[PDB]
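What follows is a short report on a single structure.
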Amino acid sequence: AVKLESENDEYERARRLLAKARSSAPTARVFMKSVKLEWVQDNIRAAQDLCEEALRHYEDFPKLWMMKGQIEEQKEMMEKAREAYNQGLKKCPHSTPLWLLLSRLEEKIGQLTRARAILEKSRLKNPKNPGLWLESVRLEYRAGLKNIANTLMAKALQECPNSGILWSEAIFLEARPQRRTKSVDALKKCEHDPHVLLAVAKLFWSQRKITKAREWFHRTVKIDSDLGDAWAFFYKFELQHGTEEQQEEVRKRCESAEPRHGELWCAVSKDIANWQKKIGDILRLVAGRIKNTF
Amino acid sequence: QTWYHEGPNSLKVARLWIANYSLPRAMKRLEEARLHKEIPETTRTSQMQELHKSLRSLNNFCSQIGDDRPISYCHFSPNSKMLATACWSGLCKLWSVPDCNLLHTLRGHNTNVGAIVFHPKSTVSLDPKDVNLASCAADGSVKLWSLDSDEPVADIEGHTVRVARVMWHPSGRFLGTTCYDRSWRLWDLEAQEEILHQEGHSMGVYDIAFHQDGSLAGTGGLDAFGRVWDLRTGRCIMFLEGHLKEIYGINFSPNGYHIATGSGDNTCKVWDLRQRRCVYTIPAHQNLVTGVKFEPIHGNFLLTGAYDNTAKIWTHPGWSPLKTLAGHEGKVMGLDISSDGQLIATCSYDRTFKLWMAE
Amino acid sequence: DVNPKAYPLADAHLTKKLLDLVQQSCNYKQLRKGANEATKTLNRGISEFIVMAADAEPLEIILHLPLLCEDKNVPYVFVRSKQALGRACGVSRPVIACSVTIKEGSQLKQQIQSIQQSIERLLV
Amino acid sequence: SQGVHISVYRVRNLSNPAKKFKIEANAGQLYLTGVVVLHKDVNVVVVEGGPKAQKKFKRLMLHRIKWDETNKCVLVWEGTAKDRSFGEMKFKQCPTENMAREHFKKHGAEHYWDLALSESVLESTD
Amino acid sequence: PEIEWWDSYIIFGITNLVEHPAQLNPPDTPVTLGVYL
């Protein structure tokens with residue numbers, strides 16, 4: 001009902017529906033939806049009060065902890081956001097929905113050595129062979145030395161070798177005047193498309209081979225999955241290429257790609273885009289999708 | 001048959017100096033031990049509990065990469081303001097504390113540097129121009145470094161085989177070097193000669209430790225036998241029989257009566273000088289223990305690190321595990337404890353050295 | 001036994017175990033002979049580990065391999081003679097470097113893991 | 001001949017006679033000395049012998065025995081000692097902890113009990 | 001403990017003599033390297 005009211009004749013009606021839902025004694029999901037609604041277009045005080053109410057209701061919610069950290073960082077108060085992130089990580093640990101955010105905040109706000117230490121602690125506490133190694137390499141190591149980043153990528157490929165993200169990070173960031181086709185062939189052994197076939201398409205487009213790059217991008221976008229980053233990259237490569245009419249068709253087939261396309265928002269926002277900043281006014285998604293992803 | 005070498009007169013004057021320096025510190029340590037005994041048991045227990053809580057609060061404050069090759073040893077400055085890291089690439093690096101900013105890059109070693117140690121009076125009562133650091137590499141050279149020069153002040157030739165570990169005597173006048181020729185050598189800074197060439201090990205001598213009083217020196221060998229030598233008499237006092245494999249770490253507690261030796265059998269054995277027996281055998285790690293070090297001032301805890309990518313803190317005399325310092329992807333090759341005891345440095349084969357601080 | 005720059009020089013018992021394992025890997029088609037093949041397996045991470053003879057008359061022609069193993073986290077040691085390594089590799093000619101490589105679902109798992117654990121424990 | 005490889009393991013609940021017999025029989029067949037001390041939440045399995053036998057028995061306890069039948073096995077230590085401490089595999093049902101400590105002090109390996117008990121209290125804090 | 005055993009033995013027995021005390025075998029048939037074909 002709140003989602004329907006968001007696209008209804010009044011957004012104040014959506015706020016009223018969210019308040020009524022909060023008055024129906026709901027769980028933490030509706031509480032996060034209400035917090036996002038207060039964080040859609042309103043004062044930060046309302047979002048802080050909603051977060052305090054959620055904490056007084058239930059503190060075991062990674063979405064709520066991420067929302068509280070983002071609210072505290074919205075006012076450029078990085079210390080409070082960092083404290084909230086640390087408290088959430090200690091009280092309600094997860095794999096890496098917020099550890100990467102904490103590492104990014106530590107690298108941006110303060111020295112990056114603390115961020116690298118936090119990344120190592122996350123990779124040693126509850127790794128379960130995660131994809132956070134790419135974050136520890138791209139967001140941390142790629143901004144510094146190069147050989148250290150290569151060694152980190154090699155180690156991240158030694159453990160969990162079938163990871164698409166790690167293989168794509170190692171393929172397009174090792175070297176591509178040479179020793180790139182070998183990496184592409186090696187990654188093709190672990191056949192999947194967590195932006196893995198998209199890496200092959202990007203490598204083909206780098207070599208200016210329009211036909212092969214177009215074929216690979218079409219294969220990866222049409223039927224591999226409903227992703228956002230791959231679809232956006234394919235659209236950008238089509239507009240850059242000399243179609244100028246197939247670009248519009250690709251954009252139409254991507255915006256209308258499987259209207260359950262929150263997966264195409266589960267990859268665009270997880271790789272390029274964000275939530276409740278420009279996505280909140282994309283078409284409708286301000287209240288639900290902001291709390292859904294992190 | 002125990003052969004006896006007629007040492008030069010330099011050995012005689014050096015040993016008289018050692019006795020005259022070590023006796024007053026021996027009495028001072030005895031008086032301090034008495035004063036500690038007069039302290040009520042309740043206050044001692046409260047202090048021990050506070051230290052245990054602080055050590056359980058230990059976490060990785062900083063993680064810094066040292067060099068493109070693995071780091072072999074890390075040593076703190078006497079003032080806990082500087083950290084020296086030795087690398088297999090031949091370069092030594094002096095970093096600031098706690099900001100971990102690279103301050104100096106000592107160059108001159110061409111092979112794998114095994115150990116670098118600060119002078120005991122460095123950054124406290126010694127000028128930066130004087131010899132403040134000693135380093136040894138795989139080529140056998142022993143180079144002395146100041147703090148104002150990235151170039152070596154002098155080189156100690158005399159070892160044709162790789163020098164394993166180098167340690168300053170607590171006086172700083174004498175330097176002990178361990179070589180794979182099965183012998184260890186004490187050198188003088190003032191006379192620039194090898195005062196004491198001491199064999200006795202059947203295999204190479206890896207690690208050397210000095211008693212805080214300066215009277216005794218503990219040498220661990222690859223023959224799984226550790227030896228305690230009285231420098232004034234040149235006679236081995238105790239053999240630490242009981243280890244199976246090569247001993248990689250020997251340390252003297254500041255109490256001056258416990259000795260901890262970690263071996264390749266993954267165990268660290270604590271022995272008593274007074275009782276002349278092993279008092280405990282900690283099954284420390286799942287892999288070989290690289291280094292063993294007590295808390296420098298009071299010795300309340302024992303620090304171990306191994307190839308299992310982990311360090312561990314043990315109570316004293318409790319020998320119970322307090323905290324398992326984990327987070328190193330590579331093997332912890334070297335470890336050190338700050339003079340104040342608040343900071344713990346662990347340098348690993350992952351080419352990174354991590355600082356641990358109490359929250 | 002002579003050149004100290006060949007630092008992880010194995011003992012006799014480990015040399016016997018390692019040559020035996022190299023023979024089994026050659027039997028299982030998991031061995032890559034030659035320094036150039038060892039380098040090519042390093043760059044692809046398809047190698048469990050690498051054995052190299054410490055008797056190449058120019059020894060520094062195989063010291064890039066340890067430095068690349070450090071970059072790819074691959075165990076490595078030195079053996080005493082080139083001819084023993086060559087014979088262990090099924091080659092009458094003296095082989096100075098061989099690579100034991102990965103293969104999913106292989107029967108040589110446990111022996112390779114044990115030889116690795118022994119290998120990355122003698123490196124000091 | 002060269003030296004005895006030992007491993008100490010901690011098991012939460014070891015009451016099923018089937019798994020007790022499995023450990024006994026496979027330790028006896030692998031010619032592994034050692035003992036099992038049974039206590040509440042602290043079931044110490046110490047095994048001494050050769051490296052390959054230790055590897056086989058380690059795979060037995062960590063990849064063959066389903067422990068949730070919560071109750072699980074945790075590897076505590078693995079190393080080498082010059083001499084064995086015990087003979088044939090023996091079970092000791094210790095009602096208390098000090099009795100097990102005295103039994104291990106009989107042979108001089110009380111640090112095994114120390115590690116096991118300390119790990120048990122540490123995992124109970126978690 | 002009034003004084004340690006080393007200190008008690010010491011206090012004068014210092015002279016210019018370094019010993020080579022009782023070299024012990026670490027705890028005779030080499031392993032013949034079986035050459036394959």
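Note on naming: chains are A, B, ... as they come in the structure tokens, residues start from 1 per chain, ligands start from 1 in the order shown.
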Original post:
Contacts of range 233-246 of chain B at 7 Å or less, counting only C-alpha atoms, minus same-chain residues fewer than 5 places along, as number ranges by chain?
Top reply: B: 221-228, 263-265, 276; D: 81-82; E: 13-15, 17-19, 21, 27
Mind dumping the selected residues with N, CA and C atoms as a PDB file, in the first residue's frame?
ATOM      1  N   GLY B 221      70.162 -23.116  19.626  1.00  0.00           N
ATOM      2  CA  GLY B 221      70.794 -23.715  18.475  1.00  0.00           C
ATOM      3  C   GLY B 221      69.844 -24.560  17.647  1.00  0.00           C
ATOM      4  N   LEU B 222      70.273 -24.858  16.421  1.00  0.00           N
ATOM      5  CA  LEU B 222      69.527 -25.769  15.562  1.00  0.00           C
ATOM      6  C   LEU B 222      69.597 -27.212  16.039  1.00  0.00           C
ATOM      7  N   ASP B 223      70.485 -27.521  16.982  1.00  0.00           N
ATOM      8  CA  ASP B 223      70.608 -28.860  17.543  1.00  0.00           C
ATOM      9  C   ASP B 223      69.583 -29.143  18.632  1.00  0.00           C
ATOM     10  N   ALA B 224      68.543 -28.313  18.744  1.00  0.00           N
ATOM     11  CA  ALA B 224      67.463 -28.490  19.709  1.00  0.00           C
ATOM     12  C   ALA B 224      67.948 -28.360  21.147  1.00  0.00           C
ATOM     13  N   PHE B 225      69.157 -27.840  21.337  1.00  0.00           N
ATOM     14  CA  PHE B 225      69.709 -27.618  22.664  1.00  0.00           C
ATOM     15  C   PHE B 225      70.010 -26.138  22.857  1.00  0.00           C
ATOM     16  N   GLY B 226      69.461 -25.561  23.923  1.00  0.00           N
ATOM     17  CA  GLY B 226      69.798 -24.202  24.306  1.00  0.00           C
ATOM     18  C   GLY B 226      70.858 -24.213  25.395  1.00  0.00           C
ATOM     19  N   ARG B 227      71.695 -23.182  25.397  1.00  0.00           N
ATOM     20  CA  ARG B 227      72.819 -23.107  26.315  1.00  0.00           C
ATOM     21  C   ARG B 227      72.851 -21.747  26.997  1.00  0.00           C
ATOM     22  N   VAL B 228      73.073 -21.760  28.309  1.00  0.00           N
ATOM     23  CA  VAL B 228      73.185 -20.544  29.106  1.00  0.00           C
ATOM     24  C   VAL B 228      74.653 -20.381  29.469  1.00  0.00           C
ATOM     25  N   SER B 263      60.557 -23.642  20.025  1.00  0.00           N
ATOM     26  CA  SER B 263      61.240 -24.536  19.102  1.00  0.00           C
ATOM     27  C   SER B 263      60.365 -24.858  17.899  1.00  0.00           C
ATOM     28  N   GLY B 264      60.925 -25.668  17.001  1.00  0.00           N
ATOM     29  CA  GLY B 264      60.221 -26.112  15.815  1.00  0.00           C
ATOM     30  C   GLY B 264      59.195 -27.182  16.115  1.00  0.00           C
ATOM     31  N   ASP B 265      59.228 -27.713  17.335  1.00  0.00           N
ATOM     32  CA  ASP B 265      58.210 -28.642  17.802  1.00  0.00           C
ATOM     33  C   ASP B 265      56.896 -27.952  18.136  1.00  0.00           C
ATOM     34  N   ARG B 276      67.197 -24.827  38.016  1.00  0.00           N
ATOM     35  CA  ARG B 276      67.894 -25.572  36.967  1.00  0.00           C
ATOM     36  C   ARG B 276      67.018 -26.692  36.408  1.00  0.00           C
TER      37      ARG B 276
ATOM     38  N   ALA D  81      56.842 -34.567  20.114  1.00  0.00           N
ATOM     39  CA  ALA D  81      57.519 -34.785  21.385  1.00  0.00           C
ATOM     40  C   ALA D  81      58.451 -35.979  21.251  1.00  0.00           C
ATOM     41  N   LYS D  82      59.501 -35.973  22.076  1.00  0.00           N
ATOM     42  CA  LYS D  82      60.526 -37.007  22.015  1.00  0.00           C
ATOM     43  C   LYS D  82      59.994 -38.377  22.410  1.00  0.00           C
TER      44      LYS D  82
ATOM     45  N   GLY E  13      85.365 -15.949  40.183  1.00  0.00           N
ATOM     46  CA  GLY E  13      85.869 -17.074  39.420  1.00  0.00           C
ATOM     47  C   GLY E  13      86.073 -16.742  37.957  1.00  0.00           C
ATOM     48  N   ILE E  14      86.186 -15.452  37.652  1.00  0.00           N
ATOM     49  CA  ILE E  14      86.294 -14.972  36.281  1.00  0.00           C
ATOM     50  C   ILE E  14      87.751 -15.025  35.846  1.00  0.00           C
ATOM     51  N   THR E  15      87.965 -15.495  34.624  1.00  0.00           N
ATOM     52  CA  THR E  15      89.292 -15.585  34.021  1.00  0.00           C
ATOM     53  C   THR E  15      89.111 -15.554  32.506  1.00  0.00           C
ATOM     54  N   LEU E  17      89.088 -17.740  29.836  1.00  0.00           N
ATOM     55  CA  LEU E  17      88.938 -19.112  29.355  1.00  0.00           C
ATOM     56  C   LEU E  17      87.518 -19.296  28.827  1.00  0.00           C
ATOM     57  N   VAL E  18      87.403 -19.673  27.554  1.00  0.00           N
ATOM     58  CA  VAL E  18      86.123 -19.987  26.931  1.00  0.00           C
ATOM     59  C   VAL E  18      86.071 -21.484  26.661  1.00  0.00           C
ATOM     60  N   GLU E  19      84.952 -22.106  27.022  1.00  0.00           N
ATOM     61  CA  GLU E  19      84.814 -23.555  27.001  1.00  0.00           C
ATOM     62  C   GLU E  19      84.111 -24.004  25.726  1.00  0.00           C
ATOM     63  N   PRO E  21      81.542 -26.839  25.756  1.00  0.00           N
ATOM     64  CA  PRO E  21      80.976 -27.806  26.708  1.00  0.00           C
ATOM     65  C   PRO E  21      80.092 -28.853  26.044  1.00  0.00           C
ATOM     66  N   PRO E  27      68.439 -34.450  19.030  1.00  0.00           N
ATOM     67  CA  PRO E  27      67.411 -35.490  19.079  1.00  0.00           C
ATOM     68  C   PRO E  27      66.293 -35.262  18.063  1.00  0.00           C
TER      69      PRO E  27
END
For chain D against chain C, with a cut-off of 12 Å and counting only C-alpha atoms, what is the closest atom pair and its distance in Å to one decimal for every residue that makes the cut, ordered by chain and number, as a tab-separated table?
residue	atom	partner	partner_atom	distance
D:2	CA	C:13	CA	11.6
D:51	CA	C:114	CA	9.9
D:52	CA	C:114	CA	9.7
D:55	CA	C:110	CA	9.1
D:56	CA	C:110	CA	10.2
D:59	CA	C:110	CA	10.5
**OP:** Just list the residues in range 4-51 of chain C DSSP gives strand (DSSP E) on the backbone, as a PyMOL selection string.
**Re:** chain C and resi 31-33+47-51
Original post:
Which residues of chain A are close to chain B, meaning at most 10 Å apart when you count only C-alpha atoms, and how do they look as a ChimeraX atom specification?
Top reply: /A:111-125,145,147-148,151-152,155
Sort by chain and increasing residue number a table of all residues of chain D within 9 Å of chain B, each with its closest pair of atoms and their distance in Å to one decimal, counting only C-alpha atoms, and write it as JSON lines.
{"residue": "D:3", "atom": "CA", "partner": "B:244", "partner_atom": "CA", "distance": 7.9}
{"residue": "D:76", "atom": "CA", "partner": "B:286", "partner_atom": "CA", "distance": 8.3}
{"residue": "D:77", "atom": "CA", "partner": "B:286", "partner_atom": "CA", "distance": 5.7}
{"residue": "D:78", "atom": "CA", "partner": "B:286", "partner_atom": "CA", "distance": 5.4}
{"residue": "D:79", "atom": "CA", "partner": "B:265", "partner_atom": "CA", "distance": 5.6}
{"residue": "D:80", "atom": "CA", "partner": "B:265", "partner_atom": "CA", "distance": 5.2}
{"residue": "D:81", "atom": "CA", "partner": "B:244", "partner_atom": "CA", "distance": 6.5}
{"residue": "D:82", "atom": "CA", "partner": "B:244", "partner_atom": "CA", "distance": 6.2}
{"residue": "D:109", "atom": "CA", "partner": "B:281", "partner_atom": "CA", "distance": 8.4}
{"residue": "D:111", "atom": "CA", "partner": "B:282", "partner_atom": "CA", "distance": 6.3}
{"residue": "D:112", "atom": "CA", "partner": "B:283", "partner_atom": "CA", "distance": 7.5}
{"residue": "D:114", "atom": "CA", "partner": "B:320", "partner_atom": "CA", "distance": 7.2}
{"residue": "D:115", "atom": "CA", "partner": "B:320", "partner_atom": "CA", "distance": 7.5}
{"residue": "D:118", "atom": "CA", "partner": "B:320", "partner_atom": "CA", "distance": 7.0}
{"residue": "D:119", "atom": "CA", "partner": "B:321", "partner_atom": "CA", "distance": 8.4}
How about saving the chosen residues, N, CA and C atoms kept, as a JSON list (two decimals), in the first residue's frame?
[["chain", "number", "residue", "atom", "x", "y", "z"],
["D", 3, "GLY", "N", 60.50, -39.32, 16.09],
["D", 3, "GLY", "CA", 59.82, -38.50, 17.08],
["D", 3, "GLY", "C", 58.33, -38.69, 16.96],
["D", 76, "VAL", "N", 42.81, -28.67, 18.72],
["D", 76, "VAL", "CA", 43.41, -27.86, 19.78],
["D", 76, "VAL", "C", 44.90, -27.67, 19.56],
["D", 77, "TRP", "N", 45.64, -28.76, 19.30],
["D", 77, "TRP", "CA", 47.07, -28.61, 19.07],
["D", 77, "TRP", "C", 47.60, -29.80, 18.29],
["D", 78, "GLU", "N", 48.70, -29.57, 17.58],
["D", 78, "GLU", "CA", 49.41, -30.61, 16.84],
["D", 78, "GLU", "C", 50.90, -30.29, 16.87],
["D", 79, "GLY", "N", 51.70, -31.26, 17.28],
["D", 79, "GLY", "CA", 53.12, -31.05, 17.42],
["D", 79, "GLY", "C", 53.90, -32.33, 17.55],
["D", 80, "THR", "N", 55.13, -32.20, 18.06],
["D", 80, "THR", "CA", 56.03, -33.33, 18.20],
["D", 80, "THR", "C", 56.65, -33.36, 19.59],
["D", 81, "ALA", "N", 56.84, -34.57, 20.11],
["D", 81, "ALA", "CA", 57.52, -34.79, 21.38],
["D", 81, "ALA", "C", 58.45, -35.98, 21.25],
["D", 82, "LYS", "N", 59.50, -35.97, 22.08],
["D", 82, "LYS", "CA", 60.53, -37.01, 22.02],
["D", 82, "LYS", "C", 59.99, -38.38, 22.41],
["D", 109, "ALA", "N", 52.00, -34.05, 31.31],
["D", 109, "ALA", "CA", 51.47, -33.37, 30.13],
["D", 109, "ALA", "C", 50.29, -32.48, 30.48],
["D", 111, "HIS", "N", 49.76, -29.45, 30.50],
["D", 111, "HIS", "CA", 49.47, -28.32, 29.63],
["D", 111, "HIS", "C", 48.45, -28.68, 28.55],
["D", 112, "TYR", "N", 48.30, -29.97, 28.24],
["D", 112, "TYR", "CA", 47.19, -30.39, 27.38],
["D", 112, "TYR", "C", 45.85, -30.07, 28.03],
["D", 114, "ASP", "N", 45.47, -27.86, 30.33],
["D", 114, "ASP", "CA", 45.42, -26.41, 30.42],
["D", 114, "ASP", "C", 44.83, -25.83, 29.13],
["D", 115, "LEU", "N", 45.38, -26.22, 27.98],
["D", 115, "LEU", "CA", 44.89, -25.71, 26.71],
["D", 115, "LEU", "C", 43.43, -26.06, 26.49],
["D", 118, "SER", "N", 41.16, -24.04, 28.97],
["D", 118, "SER", "CA", 41.15, -22.63, 28.62],
["D", 118, "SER", "C", 40.37, -22.38, 27.35],
["D", 119, "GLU", "N", 40.52, -23.24, 26.34],
["D", 119, "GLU", "CA", 39.74, -23.09, 25.12],
["D", 119, "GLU", "C", 38.26, -23.30, 25.39]]
Original post:
If you measure from CA of residue 12 in chain E to CA of residue 213 in chain B, what distance in Å do you get, rounded to one decimal?
Top reply: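 Here the two named atoms are 16.8 Å from each other.
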Subject >> Selected residue of minimal separation from chain B among E:36, E:23, E:8, E:28, counting only C-alpha atoms >> reply: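 Of all the options, E:23 lies closest to chain B.
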